[PDB]
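Novice: Quick one: structure below, then a few questions.
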Amino acid sequence: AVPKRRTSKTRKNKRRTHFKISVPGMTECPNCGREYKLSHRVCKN
Amino acid sequence: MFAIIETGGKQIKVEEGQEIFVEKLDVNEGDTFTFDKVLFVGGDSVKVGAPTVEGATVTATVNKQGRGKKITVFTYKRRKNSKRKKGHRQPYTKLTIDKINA
Amino acid sequence: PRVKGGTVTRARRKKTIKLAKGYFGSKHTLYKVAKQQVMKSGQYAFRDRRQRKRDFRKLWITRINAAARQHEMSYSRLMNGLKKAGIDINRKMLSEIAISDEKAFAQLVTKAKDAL
Amino acid sequence: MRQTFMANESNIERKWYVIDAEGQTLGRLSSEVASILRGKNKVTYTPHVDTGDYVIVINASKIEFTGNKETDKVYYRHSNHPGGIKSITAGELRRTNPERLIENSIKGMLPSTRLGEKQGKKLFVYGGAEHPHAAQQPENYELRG
Amino acid sequence: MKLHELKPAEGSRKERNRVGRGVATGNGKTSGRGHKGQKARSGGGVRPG
Amino acid sequence: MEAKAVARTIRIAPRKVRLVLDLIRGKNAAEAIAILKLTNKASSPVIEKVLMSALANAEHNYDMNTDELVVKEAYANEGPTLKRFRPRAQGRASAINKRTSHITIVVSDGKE
Amino acid sequence: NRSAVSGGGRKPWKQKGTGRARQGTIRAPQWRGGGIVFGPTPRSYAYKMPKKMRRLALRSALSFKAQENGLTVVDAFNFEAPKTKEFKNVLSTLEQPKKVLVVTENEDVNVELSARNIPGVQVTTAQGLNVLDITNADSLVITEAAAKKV
RNA sequence: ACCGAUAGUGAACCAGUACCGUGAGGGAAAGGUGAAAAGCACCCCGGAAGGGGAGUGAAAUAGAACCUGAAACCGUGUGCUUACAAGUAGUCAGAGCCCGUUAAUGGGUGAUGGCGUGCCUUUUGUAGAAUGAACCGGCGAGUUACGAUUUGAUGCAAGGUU
RNA sequence: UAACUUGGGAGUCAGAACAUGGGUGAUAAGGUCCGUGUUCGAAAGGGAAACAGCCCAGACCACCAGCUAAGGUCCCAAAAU
RNA sequence: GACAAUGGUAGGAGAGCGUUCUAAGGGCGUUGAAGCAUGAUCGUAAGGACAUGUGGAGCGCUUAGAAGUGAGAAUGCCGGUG
Ligand SMILES: [Mg+2]
Ligand SMILES: [Mg+2]
Ligand SMILES: [Mg+2]
Ligand SMILES: [Mg+2]
Ligand SMILES: [Mg+2]
Ligand SMILES: [Mg+2]
Ligand SMILES: [Mg+2]
Ligand SMILES: [Mg+2]
Ligand SMILES: [Mg+2]
Ligand SMILES: [Mg+2]
Ligand SMILES: [Mg+2]
Ligand SMILES: [Mg+2]
Ligand SMILES: [Mg+2]
Ligand SMILES: [Mg+2]
Ligand SMILES: [Mg+2]
Ligand SMILES: [Mg+2]
Ligand SMILES: [Mg+2]
Ligand SMILES: [Mg+2]
Ligand SMILES: [Mg+2]
Ligand SMILES: [Mg+2]
Ligand SMILES: [Mg+2]
Ligand SMILES: [Mg+2]
Ligand SMILES: [Mg+2]
Ligand SMILES: [Mg+2]
Ligand SMILES: [Mg+2]
Ligand SMILES: [Mg+2]
Ligand SMILES: [Mg+2]
Ligand SMILES: [Mg+2]
Ligand SMILES: [Mn+2]
Ligand SMILES: [Mn+2]
Ligand SMILES: [Mn+2]
Ligand SMILES: [Mn+2]
Ligand SMILES: [Mn+2]
Ligand SMILES: [Mn+2]
Ligand SMILES: [Mn+2]
Ligand SMILES: [Mn+2]
Ligand SMILES: [Mn+2]
Ligand SMILES: [Mn+2]
Ligand SMILES: [Mn+2]
Ligand SMILES: [Mn+2]
Ligand SMILES: [Mn+2]
Ligand SMILES: [Mn+2]
Ligand SMILES: [Mn+2]
Ligand SMILES: [Mn+2]
Ligand SMILES: [Mn+2]
Ligand SMILES: [Mn+2]
Ligand SMILES: [Mn+2]
Ligand SMILES: [Mn+2]
Ligand SMILES: [Mn+2]
Ligand SMILES: [Mn+2]
Ligand SMILES: [Mn+2]
Ligand SMILES: [Mn+2]
Ligand SMILES: [Mn+2]
Ligand SMILES: [Mn+2]
Ligand SMILES: [Mn+2]
Ligand SMILES: [Mn+2]
Ligand SMILES: [Mn+2]
Ligand SMILES: [Mn+2]
Ligand SMILES: [Mn+2]
Ligand SMILES: [Mn+2]
Ligand SMILES: [Mn+2]
Ligand SMILES: [Mn+2]
Ligand SMILES: [Mn+2]
Ligand SMILES: [Mn+2]
Ligand SMILES: [Mn+2]
Ligand SMILES: [Mn+2]
Ligand SMILES: [Mn+2]
Ligand SMILES: [Mn+2]
Ligand SMILES: [Mn+2]
Ligand SMILES: [Mn+2]
Ligand SMILES: [Mn+2]
Ligand SMILES: [Mn+2]
Ligand SMILES: [Mn+2]
Ligand SMILES: [Mn+2]
Ligand SMILES: [Mn+2]
Ligand SMILES: [Mn+2]
Ligand SMILES: [Mn+2]
Ligand SMILES: [Mn+2]
């Protein structure tokens with residue numbers, strides 16, 4: 001099966017509104033500097 | 001007050017002092033024209049022409065003798081290979097009114 | 001002498017595109033599509049200019065019908081009586097009168113009931 | 001575009017009117033009320049806007065028919081499911097809440113335009129004699145022949 | 001007749017006709033329809049059947 | 001004035017780079033670097049290096065205070081694209097587009 | 001034309017089965033780098049006129065120069081000079097033909113004056129006679145024109 | 001009164017060459033910085049690529065994939081607008097908001113109302129569910145030679161013409 | 001208010017419905033074959049809900065003027081509750 | 001100045017627009033040509049100008065002459081991009 005008519009720039013963009021990526025949940029290292037991902041390790045300091 | 005002068009092919013309700021537009025009068029640009037057909041006269045003390053309120057007249061200074069914006073007149077018949085395109089600009093006379101029934 | 005393409009086609013086409021302005025997406029962009037929408041546009045406007053003359057006459061007439069009903073008289077009889085009295089006023093006029101001067105329209109009406 | 005007047009929602013006003021349905025035939029009430037709802041009965045009428053007045057029909061329960069419309073007149077309906085013409089109800093079933101009788105009947109005499117759909121929201125029907133809507137202070141309205 | 005002003009005799013020379021150059025021109029099928037406006041165009045020089 | 005920097009013909013497709021770019025756009029430069037370091041997409045390190053270089057010559061060249069800096073604008077544009085194939089069944093080949101893109105970032109203070 | 005172009009003669013693909021257009025040659029006119037349809041080819045561009053007509057043209061041109069301004073002169077001198085420019089002390093204008101009776105080489109090497117052209121009368125073309133602006137026949141050549149073109 | 005880089009040779013470039021076929025054989029694409037290499041010393045971010053300064057230059061918004069740099073196509077910013085509405089997308093009517101012209105009874109947007117089934121081909125008849133076209137660009141079809149005939153024009157004329 | 005003569009250039013030789021006089025079929029066909037008339041083809045506009053062939057009527061162009069035709073006049077929807 | 005006519009497929013007749021080159025005249029151009037872009041400009045149509053930006057060296061106008069002279073469709077060819 002093939003598309004029977006080309007998608008318009010408008011249709012194709014409407015189809016894409018949900019296709020983002022969410023900004024990662026993140027938190028400041030207490031007194032270390034570089035921030036890290038939530039409930040994840042604080043690294044080597 | 002009101003006019004209801006019959007100035008083009010059409011009736012026109014003029015109020016005196018308001019510039020109006022009408023199909024061209026071919027009278028020179030500065031000159032004063034008078035409208036000799038007045039069908040009605042409003043405000044206080046109305047006269048109702050049947051037709052033309054008799055002797056009543058509207059006076060108007062001529063303002064301009066222009067032609068309106070071009071309108072292309074395009075047209076076609078599908079699957080028949082025919083079309084016509086004609087430009088058109090309809091000539092007019094703009095003029096301010098002054099003194100109704102005068 | 002060979003003659004090359006050059007300018008001409010592009011200016012013809014660009015003319016056509018600029019002609020197509022409020023148009024939806026590809027209708028304002030591609031020459032083929034836009035040429036078609038402009039052609040049809042011309043035809044539509046040509047007929048519409050003619051019909052518009054009617055579409056206003058009817059609106060006037062309904063306003064007259066209303067103003068007449070208000071004085072307990074149908075538009076049919078109002079126009080017949082205005083004819084018989086020889087009033088020869090316009091419909092656009094008769095209605096703008098009914099809007100901007102009730103006393104006057106009432107007077108014309110009374111003129112119309114007379115000679116009926 | 002020489003000089004024709006066009007009313008708008010800055011140059012407009014719409015009153016509230018009450019209408020007693022008892023003793024009235026359905027259709028001949030309905031048409032009249034529809035024209036009321038549309039603004040057809042004023043010289044300020046102008047097609048691209050709603051210039052109509054508000055209408056409350058009252059004693060909707062007492063609207064009456066001709067013929068054997070108590071029977072014979074069937075109102076259909078379809079659910080968009082197969083065999084779904086759940087459809088039939090006798091026109092007689094104005095006993096079953098008839099605010100819908102008059103509402104549907106008038107509403108079907110208004111244009112399908114979205115403006116027309118909003119024009120039809122100015123209707124208010126009640127089978128009872130009292131209506132909630134005093135405050136809007138409706139004037140009573142004679143039903144012309 | 002100053003050579004930057006030459007003019008041909010008042011009745012001499014009409015412009016040549018170019019078929020197949022648009023629809024307004026009045027030729028675009030060019031001429032005929034559907035039959036032996038094919039290129040060989042052989043009505044065999046003088047004959048019927 | 002308010003400084004910028006650009007990386008050209010990075011070999012990531014523009015659709016892909018743009019996803020990471022949207023998170024960063026309009027943000028304070030510090031948290032922009034954070035979101036960049038944590039977002040685990042392929043374009044993130046590249047975009048990071050670009051934003052770093054941008055803040056860098058925003059200081060060494062135009063001598064702005066680095067900490068007050070904001071990501072005024074970021075985007076990616078189609079670059080030239082390398083064109084390759086991919087042999088298929090029945091012996092047909094078919095197109096593949098290794099696309100590339102120009103990434104741009106512009107940091108800022110106040111108007112003047 | 002397509003018969004000329006360096007290729008051709010194998011069908012690019014079978015008629016049917018391809019989902020492509022029919023094609024016969026890679027050099028057919030709608031192809032890039034294909035043959036040309038009805039291009040220019042070499043040919044004459046030259047035509048006969050009745051002889052009397054040519055003579056009429058000539059009288060017409062000469063008498064044209066006469067009805068405006070076409071002057072007549074003594075005759076020639078020596079070897080090779082830009083003293084011909086000095087010769088239009090006689091006050092000829094920017095475009096001129098000298099008309100010698102028969103090949104006055106030397107008068108002929110009054111040439112690279114910007115816009116002057118001398119021939120013998122046995123020549124005397126309608127064109128040269130026409131861009132002309134101001135002609136100068138001398139006398140021998142003038143009488144020879146009058147002899148031949150009567 | 002031939003071409004001017006899809007032209008003109010197949011070949012303006014180390015063409016009968018990349019490439020393809022066992023072979024005979026088939027057979028491309030690909031020209032342009034600047035007047036001058038003066039082809040960006042040096043500082044900076046980067047492993048590099050690439051970039052911002054600083055410089056060369058009339059110009060690098062001429063920086064080498066380099067004259068001009070159209071369209072399709074991809075993006076970033078926003079002025080008007082849009083989540084009760086059935087749309088060949090426009091046209092006619094028209095409020096609101098924003099703007100200020102090759103100043104003329106101006107420009108952008110458009111709540112809402114009227115009307116409204118693309119184009120081409122081919123057909124008695126096509127919105128057609130009959131054909132064709134993804135889109136944009138370039139290129140792509142009555143010509144020339146000779147003869148015949150007819151009309152117009154010009155010269156002579158019982159002659160005209162080589 | 002045309003007609004005919006001579007010459008240059010043509011296109012056409014698939015027709016369609018409706019009405020009507022008829023053959024064929026079954027006083028079947030949106031059938032078929034002839035006669036006559038209109039319309040379509042090549043005809044936009046109004047009516048017949050929509051609807052080449054029906055009814056009214058033939059668009060040089062602009063107008064927010066008027067009278068009409070077929071068809072209409074409670075509401076959708078112009079006009080007689 | 002009245003008056004009449006002006007729907008149209010195949011098709012016949014007419015008058016014109018624009019493109020490249022040529023001839024002659026007359027001009028513009030680094031104080032910025034062609035080209036490209038934008039605009040609320042003009043003509044009954046094809047089409048013609050003007051201003052601003054870009055561009056960096058060529059080009060109009062008039063009269064005539066000659067044509068590889070006008071593209072949206074060929075499951076057309078090449079290229080780019082969806
Ligand atoms: Mg719009
Ligand atoms: Mg057009
Ligand atoms: Mg009952
Ligand atoms: Mg033929
Ligand atoms: Mg073959
Ligand atoms: Mg000498
Ligand atoms: Mg020649
Ligand atoms: Mg083999
Ligand atoms: Mg470093
Ligand atoms: Mg380093
Ligand atoms: Mg610099
Ligand atoms: Mg630089
Ligand atoms: Mg409007
Ligand atoms: Mg609309
Ligand atoms: Mg003759
Ligand atoms: Mg003769
Ligand atoms: Mg019969
Ligand atoms: Mg029969
Ligand atoms: Mg018949
Ligand atoms: Mg019709
Ligand atoms: Mg039709
Ligand atoms: Mg309706
Ligand atoms: Mg020009
Ligand atoms: Mg100029
Ligand atoms: Mg400049
Ligand atoms: Mg322009
Ligand atoms: Mg010519
Ligand atoms: Mg094509
Ligand atoms: Mn998006
Ligand atoms: Mn072309
Ligand atoms: Mn609907
Ligand atoms: Mn012609
Ligand atoms: Mn024709
Ligand atoms: Mn054909
Ligand atoms: Mn034929
Ligand atoms: Mn052949
Ligand atoms: Mn034979
Ligand atoms: Mn294989
Ligand atoms: Mn060959
Ligand atoms: Mn295919
Ligand atoms: Mn070639
Ligand atoms: Mn050339
Ligand atoms: Mn080549
Ligand atoms: Mn080129
Ligand atoms: Mn060089
Ligand atoms: Mn470097
Ligand atoms: Mn410099
Ligand atoms: Mn490039
Ligand atoms: Mn460039
Ligand atoms: Mn809403
Ligand atoms: Mn529907
Ligand atoms: Mn509709
Ligand atoms: Mn065509
Ligand atoms: Mn189709
Ligand atoms: Mn077929
Ligand atoms: Mn297709
Ligand atoms: Mn026959
Ligand atoms: Mn037949
Ligand atoms: Mn029958
Ligand atoms: Mn039949
Ligand atoms: Mn008979
Ligand atoms: Mn036909
Ligand atoms: Mn019709
Ligand atoms: Mn006819
Ligand atoms: Mn109709
Ligand atoms: Mn029907
Ligand atoms: Mn209809
Ligand atoms: Mn009647
Ligand atoms: Mn009504
Ligand atoms: Mn005609
Ligand atoms: Mn007519
Ligand atoms: Mn012809
Ligand atoms: Mn300068
Ligand atoms: Mn040129
Ligand atoms: Mn010039
Ligand atoms: Mn061509
Ligand atoms: Mn194409
Ligand atoms: Mn392709």
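Here's how to read the names in the structure tokens: chain A, B, ... by the order shown, residue numbers from 1 in each chain, ligand numbers from 1 in the order shown.
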May I have all residues of range 17-85 of chain G that DSSP, computed from the backbone, assigns to alpha helix (DSSP H), given as an MDAnalysis selection string?

Specialist: chainID G and resid 51:68 84:85

Novice: Would you give me, as a PyMOL selection string, the residues of chain I that come within 12 Å of chain E, using only C-alpha atoms (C1' of nucleotides)?

Specialist: chain I and resi 9-13

Novice: Any chance you could export the current selection's N, CA, C and O atoms (P, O5', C5', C4', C3', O3' and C1' of nucleotides) as a PDB file, in the first residue's frame?

Specialist:
ATOM      1  P     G I   9      -5.776  26.864 -52.171  1.00  0.00           P
ATOM      2  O5'   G I   9      -6.227  27.150 -50.663  1.00  0.00           O
ATOM      3  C5'   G I   9      -5.268  27.418 -49.644  1.00  0.00           C
ATOM      4  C4'   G I   9      -5.887  27.734 -48.286  1.00  0.00           C
ATOM      5  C3'   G I   9      -6.614  26.623 -47.545  1.00  0.00           C
ATOM      6  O3'   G I   9      -5.762  25.668 -46.971  1.00  0.00           O
ATOM      7  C1'   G I   9      -7.874  28.573 -47.370  1.00  0.00           C
ATOM      8  P     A I  10      -5.802  24.183 -47.555  1.00  0.00           P
ATOM      9  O5'   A I  10      -6.777  23.396 -46.574  1.00  0.00           O
ATOM     10  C5'   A I  10      -8.184  23.493 -46.672  1.00  0.00           C
ATOM     11  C4'   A I  10      -8.723  24.094 -45.411  1.00  0.00           C
ATOM     12  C3'   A I  10      -9.262  23.155 -44.345  1.00  0.00           C
ATOM     13  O3'   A I  10      -8.233  22.552 -43.563  1.00  0.00           O
ATOM     14  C1'   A I  10     -10.700  25.017 -44.611  1.00  0.00           C
ATOM     15  P     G I  11      -8.239  20.963 -43.218  1.00  0.00           P
ATOM     16  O5'   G I  11      -9.511  20.763 -42.278  1.00  0.00           O
ATOM     17  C5'   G I  11      -9.350  20.803 -40.870  1.00  0.00           C
ATOM     18  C4'   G I  11     -10.654  21.020 -40.168  1.00  0.00           C
ATOM     19  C3'   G I  11     -11.564  19.810 -40.085  1.00  0.00           C
ATOM     20  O3'   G I  11     -11.250  18.991 -38.974  1.00  0.00           O
ATOM     21  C1'   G I  11     -12.773  21.647 -40.915  1.00  0.00           C
ATOM     22  P     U I  12     -11.503  17.407 -39.013  1.00  0.00           P
ATOM     23  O5'   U I  12     -13.057  17.314 -39.312  1.00  0.00           O
ATOM     24  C5'   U I  12     -13.997  17.659 -38.302  1.00  0.00           C
ATOM     25  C4'   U I  12     -15.404  17.501 -38.795  1.00  0.00           C
ATOM     26  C3'   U I  12     -15.754  16.109 -39.276  1.00  0.00           C
ATOM     27  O3'   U I  12     -16.164  15.280 -38.204  1.00  0.00           O
ATOM     28  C1'   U I  12     -16.512  17.754 -40.825  1.00  0.00           C
ATOM     29  P     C I  13     -15.673  13.750 -38.126  1.00  0.00           P
ATOM     30  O5'   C I  13     -16.475  13.032 -39.302  1.00  0.00           O
ATOM     31  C5'   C I  13     -17.884  13.186 -39.406  1.00  0.00           C
ATOM     32  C4'   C I  13     -18.488  12.246 -40.412  1.00  0.00           C
ATOM     33  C3'   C I  13     -17.810  10.881 -40.543  1.00  0.00           C
ATOM     34  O3'   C I  13     -18.785   9.848 -40.590  1.00  0.00           O
ATOM     35  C1'   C I  13     -18.044  11.891 -42.666  1.00  0.00           C
TER      36        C I  13
END

Novice: Please identify the residues whose atoms come within 12 Å of ligand 51, using only C-alpha atoms (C1' of nucleotides) and all ligand atoms, and report them as a ChimeraX atom specification.

Specialist: /D:112 /H:86-87,117 /I:50

Novice: Show me which residues line ligand 37, defined as having an atom within 12 Å of a ligand atom where only C-alpha atoms (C1' of nucleotides) and all ligand atoms count, and present them as a PDB file with N, CA, C and O atoms, in the first residue's frame.

Specialist:
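Saved to pocket.pdb:
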ATOM      1  N   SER E  42      -0.573  11.578 -46.196  1.00  0.00           N
ATOM      2  CA  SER E  42      -0.703  11.110 -47.570  1.00  0.00           C
ATOM      3  C   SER E  42      -2.142  10.938 -48.059  1.00  0.00           C
ATOM      4  O   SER E  42      -2.704   9.850 -47.991  1.00  0.00           O
ATOM      5  N   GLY E  43      -2.743  12.022 -48.532  1.00  0.00           N
ATOM      6  CA  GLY E  43      -3.800  11.886 -49.513  1.00  0.00           C
ATOM      7  C   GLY E  43      -2.990  11.656 -50.783  1.00  0.00           C
ATOM      8  O   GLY E  43      -2.390  12.602 -51.320  1.00  0.00           O
ATOM      9  N   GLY E  44      -2.963  10.409 -51.267  1.00  0.00           N
ATOM     10  CA  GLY E  44      -1.956   9.955 -52.230  1.00  0.00           C
ATOM     11  C   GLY E  44      -1.705  10.741 -53.515  1.00  0.00           C
ATOM     12  O   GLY E  44      -1.376  10.152 -54.546  1.00  0.00           O
ATOM     13  N   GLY E  45      -1.856  12.064 -53.443  1.00  0.00           N
ATOM     14  CA  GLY E  45      -1.435  12.981 -54.492  1.00  0.00           C
ATOM     15  C   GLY E  45      -2.499  13.338 -55.511  1.00  0.00           C
ATOM     16  O   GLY E  45      -2.380  14.385 -56.159  1.00  0.00           O
ATOM     17  N   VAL E  46      -3.529  12.484 -55.611  1.00  0.00           N
ATOM     18  CA  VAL E  46      -4.703  12.674 -56.479  1.00  0.00           C
ATOM     19  C   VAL E  46      -5.625  11.430 -56.583  1.00  0.00           C
ATOM     20  O   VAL E  46      -5.637  10.774 -57.612  1.00  0.00           O
ATOM     21  N   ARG E  47      -6.404  11.099 -55.558  1.00  0.00           N
ATOM     22  CA  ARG E  47      -7.136   9.825 -55.598  1.00  0.00           C
ATOM     23  C   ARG E  47      -8.220   9.652 -54.510  1.00  0.00           C
ATOM     24  O   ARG E  47      -8.286  10.456 -53.586  1.00  0.00           O
ATOM     25  N   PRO E  48      -9.106   8.637 -54.647  1.00  0.00           N
ATOM     26  CA  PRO E  48     -10.065   8.245 -53.594  1.00  0.00           C
ATOM     27  C   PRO E  48     -10.117   6.750 -53.149  1.00  0.00           C
ATOM     28  O   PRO E  48     -10.009   6.406 -51.966  1.00  0.00           O
ATOM     29  N   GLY E  49     -10.322   5.871 -54.119  1.00  0.00           N
ATOM     30  CA  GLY E  49     -10.561   4.463 -53.874  1.00  0.00           C
ATOM     31  C   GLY E  49     -11.094   3.895 -55.180  1.00  0.00           C
ATOM     32  O   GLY E  49     -10.734   2.797 -55.584  1.00  0.00           O
TER      33      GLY E  49
END

Novice: Please identify every polymer residue within 12 Å of ligand 42, using only C-alpha atoms (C1' of nucleotides) and all ligand atoms, and present the set as a list in words.

Specialist: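 Counting only C-alpha atoms (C1' of nucleotides) and all ligand atoms, the residues within 12 Å of ligand 42 come out as residues 1, 2, 3, 4, 5 and 6 of chain C; 1, 2, 3, 4, 7 and 8 of chain H; 19, 20, 21 and 68 of chain J.
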
Novice: Name each residue within 10 Å of ligand 52, counting only C-alpha atoms (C1' of nucleotides) and all ligand atoms, as a count of residues only.

Specialist: 4

Novice: When you get a sec, could you note down which chain B residues fall within 9 Å of chain H, using only C-alpha atoms (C1' of nucleotides), as a PyMOL selection string?

Specialist: chain B and resi 21+68-69+78-79+94

Novice: Please, could you write that set of residues out with N, CA and C atoms as a JSON list (two decimals), in the first residue's frame?

Specialist:
[["chain", "number", "residue", "atom", "x", "y", "z"],
["B", 21, "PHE", "N", -19.67, 60.51, -5.26],
["B", 21, "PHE", "CA", -19.06, 60.05, -6.48],
["B", 21, "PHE", "C", -20.16, 59.65, -7.44],
["B", 68, "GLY", "N", -11.49, 54.81, -11.95],
["B", 68, "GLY", "CA", -11.32, 53.96, -10.78],
["B", 68, "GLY", "C", -10.22, 52.96, -11.03],
["B", 69, "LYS", "N", -9.92, 52.14, -10.02],
["B", 69, "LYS", "CA", -8.85, 51.13, -10.13],
["B", 69, "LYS", "C", -9.13, 50.13, -11.24],
["B", 78, "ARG", "N", -13.70, 25.54, -19.62],
["B", 78, "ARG", "CA", -12.84, 24.39, -19.40],
["B", 78, "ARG", "C", -12.88, 23.46, -20.60],
["B", 79, "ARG", "N", -11.73, 22.88, -20.92],
["B", 79, "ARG", "CA", -11.61, 21.89, -22.00],
["B", 79, "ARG", "C", -12.00, 22.38, -23.40],
["B", 94, "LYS", "N", -15.95, 63.00, -8.86],
["B", 94, "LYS", "CA", -16.09, 63.20, -7.42],
["B", 94, "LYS", "C", -16.46, 64.63, -7.22]]

Novice: Once you count only C-alpha atoms (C1' of nucleotides) and all ligand atoms, which residues end up within 9 Å of ligand 14, and could you hand them over as a PyMOL selection string?

Specialist: chain H and resi 90-92+112-115

Novice: Once you count only C-alpha atoms (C1' of nucleotides) and all ligand atoms, which residues end up within 9 Å of ligand 23, and could you hand them over as a PyMOL selection string?

Specialist: chain J and resi 18-19+48+60

Novice: The selected residues should be written to file as a PDB file, in the first residue's frame (atoms: N, CA, C and O atoms (P, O5', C5', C4', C3', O3' and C1' of nucleotides)).

Specialist:
ATOM      1  P     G J  18       6.557  45.205 -27.062  1.00  0.00           P
ATOM      2  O5'   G J  18       7.492  43.947 -26.721  1.00  0.00           O
ATOM      3  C5'   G J  18       7.678  43.524 -25.370  1.00  0.00           C
ATOM      4  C4'   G J  18       7.956  42.040 -25.237  1.00  0.00           C
ATOM      5  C3'   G J  18       9.284  41.540 -25.775  1.00  0.00           C
ATOM      6  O3'   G J  18      10.363  41.792 -24.903  1.00  0.00           O
ATOM      7  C1'   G J  18       7.568  40.080 -26.454  1.00  0.00           C
ATOM      8  P     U J  19      11.778  42.201 -25.526  1.00  0.00           P
ATOM      9  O5'   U J  19      12.441  40.802 -25.896  1.00  0.00           O
ATOM     10  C5'   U J  19      12.820  39.901 -24.873  1.00  0.00           C
ATOM     11  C4'   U J  19      13.208  38.561 -25.430  1.00  0.00           C
ATOM     12  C3'   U J  19      14.405  38.541 -26.357  1.00  0.00           C
ATOM     13  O3'   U J  19      15.644  38.572 -25.659  1.00  0.00           O
ATOM     14  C1'   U J  19      12.655  37.249 -27.282  1.00  0.00           C
ATOM     15  P     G J  48       7.771  43.677 -21.204  1.00  0.00           P
ATOM     16  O5'   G J  48       7.375  45.217 -21.244  1.00  0.00           O
ATOM     17  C5'   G J  48       7.449  45.949 -22.452  1.00  0.00           C
ATOM     18  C4'   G J  48       7.238  47.414 -22.200  1.00  0.00           C
ATOM     19  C3'   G J  48       8.189  48.052 -21.210  1.00  0.00           C
ATOM     20  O3'   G J  48       9.422  48.407 -21.812  1.00  0.00           O
ATOM     21  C1'   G J  48       5.980  48.662 -20.675  1.00  0.00           C
ATOM     22  P     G J  60      20.077  45.073 -24.753  1.00  0.00           P
ATOM     23  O5'   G J  60      19.516  46.559 -24.873  1.00  0.00           O
ATOM     24  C5'   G J  60      18.132  46.827 -24.994  1.00  0.00           C
ATOM     25  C4'   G J  60      17.784  48.155 -24.375  1.00  0.00           C
ATOM     26  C3'   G J  60      16.872  49.036 -25.203  1.00  0.00           C
ATOM     27  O3'   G J  60      15.508  48.679 -25.067  1.00  0.00           O
ATOM     28  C1'   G J  60      18.692  50.325 -24.379  1.00  0.00           C
TER      29        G J  60
END

Novice: For range 35-48 of chain B, list every protein, DNA or RNA residue within 6 Å, evaluated using only C-alpha atoms (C1' of nucleotides), and leave out those in the same chain fewer than 6 positions away; present the list as a list in words.

Specialist: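 Returned residues: residues 1, 2, 3, 4, 5, 6, 57 and 58 of chain B.
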
Novice: Got a sec: who's within 10 Å of residue 32 in chain F, counting only C-alpha atoms (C1' of nucleotides), leaving out chain neighbours fewer than 2 positions off, as a PyMOL selection string?

Specialist: chain F and resi 21+23-30+34-37+48+51+70-71

Novice: Please produce an output containing N, CA and C atoms for each residue in the selection, written as a short mmCIF file (atom, residue, chain, number, x, y, z; two decimals), in the first residue's frame.

Specialist:
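File written: part.cif
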data_model
loop_
_atom_site.label_atom_id
_atom_site.label_comp_id
_atom_site.auth_asym_id
_atom_site.auth_seq_id
_atom_site.Cartn_x
_atom_site.Cartn_y
_atom_site.Cartn_z
N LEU F 21 18.35 21.10 19.79
CA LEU F 21 18.44 22.56 19.74
C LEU F 21 17.24 23.25 20.36
N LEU F 23 15.54 22.47 23.04
CA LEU F 23 15.63 22.51 24.51
C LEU F 23 16.52 23.64 25.00
N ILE F 24 17.52 23.97 24.19
CA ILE F 24 18.54 24.92 24.58
C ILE F 24 18.13 26.34 24.30
N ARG F 25 17.31 26.52 23.27
CA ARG F 25 16.99 27.84 22.74
C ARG F 25 16.31 28.74 23.79
N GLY F 26 16.81 29.96 23.92
CA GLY F 26 16.21 30.93 24.83
C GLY F 26 16.60 30.80 26.29
N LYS F 27 17.48 29.84 26.60
CA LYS F 27 17.84 29.55 27.99
C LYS F 27 19.14 30.23 28.44
N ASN F 28 19.30 30.37 29.76
CA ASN F 28 20.53 30.90 30.34
C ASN F 28 21.69 30.00 29.98
N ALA F 29 22.86 30.57 29.75
CA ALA F 29 23.96 29.80 29.17
C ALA F 29 24.41 28.64 30.05
N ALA F 30 24.32 28.83 31.36
CA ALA F 30 24.75 27.80 32.30
C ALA F 30 23.86 26.56 32.23
N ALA F 34 24.01 22.66 30.94
CA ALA F 34 23.57 21.50 31.73
C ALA F 34 22.71 20.56 30.91
N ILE F 35 21.65 21.13 30.33
CA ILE F 35 20.68 20.39 29.55
C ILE F 35 21.40 19.74 28.40
N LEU F 36 22.45 20.40 27.93
CA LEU F 36 23.23 19.82 26.87
C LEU F 36 24.04 18.60 27.31
N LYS F 37 24.66 18.70 28.48
CA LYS F 37 25.50 17.62 28.99
C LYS F 37 24.69 16.38 29.36
N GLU F 48 27.20 21.21 22.11
CA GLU F 48 27.78 21.72 23.32
C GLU F 48 29.02 22.46 22.95
N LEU F 51 28.33 25.87 21.56
CA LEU F 51 27.96 26.88 22.54
C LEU F 51 29.15 27.31 23.41
N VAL F 70 23.05 34.81 27.74
CA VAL F 70 21.82 34.07 27.43
C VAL F 70 21.88 33.52 26.01
N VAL F 71 21.28 32.35 25.75
CA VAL F 71 21.29 31.78 24.41
C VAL F 71 20.22 32.47 23.59
#
